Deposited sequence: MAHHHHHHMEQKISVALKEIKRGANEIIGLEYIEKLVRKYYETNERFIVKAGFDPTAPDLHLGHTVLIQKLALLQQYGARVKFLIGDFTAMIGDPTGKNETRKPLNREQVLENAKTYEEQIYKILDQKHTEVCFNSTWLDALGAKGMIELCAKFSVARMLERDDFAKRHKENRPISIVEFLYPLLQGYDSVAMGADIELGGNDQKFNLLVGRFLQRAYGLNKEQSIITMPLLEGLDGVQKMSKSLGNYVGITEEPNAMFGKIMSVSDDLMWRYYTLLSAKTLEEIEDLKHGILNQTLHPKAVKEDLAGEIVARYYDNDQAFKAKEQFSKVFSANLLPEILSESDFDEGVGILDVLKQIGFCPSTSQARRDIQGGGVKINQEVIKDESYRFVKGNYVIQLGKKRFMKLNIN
């Protein structure tokens, strides 16, 4: 079926776009074809900081990949990890704060995600029910040696530096979340690979018929282009910043950084971006109007089209 093969080939390229690494692309391909064949959605898991929802564009990179995956049949489980947050620089949160912060996330994430195929989850739902016995059964499934292979543990173990045994529980609990949620894909940051792999190993160990694929996303470069975007470093673009200011901040970036932001932030397709790089070189497009198109797209995402024209002017 030549037409479908083209559609699938394109879907796979968009899914890989901007990622650092994908484990399990074949399973992802099988789920995308099933979605096209049957309309059956598959489950995509991504975990978010219950404490800090003051967001800049760097925080949205993973959310943009989640929105892309919804185009190809993903049902998104936006997981707030309140269980560890309510236990405890890291003082413990109460339930009312957890709900307030989730509400805060929801003031924005549906400007990126398709709300109809998104579900906000709290892992305290199943983790409160785990019990001491559930914890025991979880810990029986994972070895000490594998655990000491996570990068920070190996260095601290080698350097004779303290590792608390509770630090062994957190990756197991994150992996268990994938078990309880039946995740088919889990997204995380590039430093999170080991932890994303735990859920994939634990799904097999708990007798599920499947193991989640995983995608790692890089950190977004700041407007400078050499430090990762950080409210600390003063190189961020706040999602709530006023349009004219947000538009001007994006104008600061170099031309090379513009394409990087295109890869990771823009709704334009790989093919459409390829045309932009062609016309700028064929002198059919000016790069300023391309940087303006990008700035306008980000302002229109968090506001609207009309307010995005005024920021340019």
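Several segments of the deposited sequence are absent from the coordinates, namely 1 to 5, 94 to 100, 326 to 410.
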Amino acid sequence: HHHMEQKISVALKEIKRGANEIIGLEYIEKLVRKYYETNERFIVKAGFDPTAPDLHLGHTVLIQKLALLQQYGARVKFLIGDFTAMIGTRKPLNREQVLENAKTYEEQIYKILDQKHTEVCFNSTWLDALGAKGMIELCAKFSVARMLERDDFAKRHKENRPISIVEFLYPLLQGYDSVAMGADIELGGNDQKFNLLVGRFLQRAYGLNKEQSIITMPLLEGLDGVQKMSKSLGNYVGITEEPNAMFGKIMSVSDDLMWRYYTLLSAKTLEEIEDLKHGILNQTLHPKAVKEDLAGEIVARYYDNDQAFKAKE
From here on, numbers count along this sequence of modelled residues.
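According to the PDB record, 102 to 110 carries the higher mean C-alpha B-factor of the two stretches 102 to 110 and 193 to 201. In this entry, 271 to 279 shows the higher mean Cα temperature factor of the pair 258 to 266 and 271 to 279.
You'll see in the entry that, of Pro162, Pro171, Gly207, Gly88, the Cα B factor peaks at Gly88. Listed residues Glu149, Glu241, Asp177, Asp184 were ranked by CA B-factor as deposited; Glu241 comes out on top.
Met229: CA B factor in the highest third of modelled residues in this chain (values from the PDB entry). Looking at the C-alpha B-factors along this chain, the one for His59 belongs to the middle third. Annotation for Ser213: CA B-factor lies in the lowest third of the chain's modelled residues. The PDB entry assigns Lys141 a C-alpha temperature factor belonging to the middle third of its chain's modelled residues. In the PDB entry, a CA B factor belonging to the middle third of its chain's modelled residues is recorded for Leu220.
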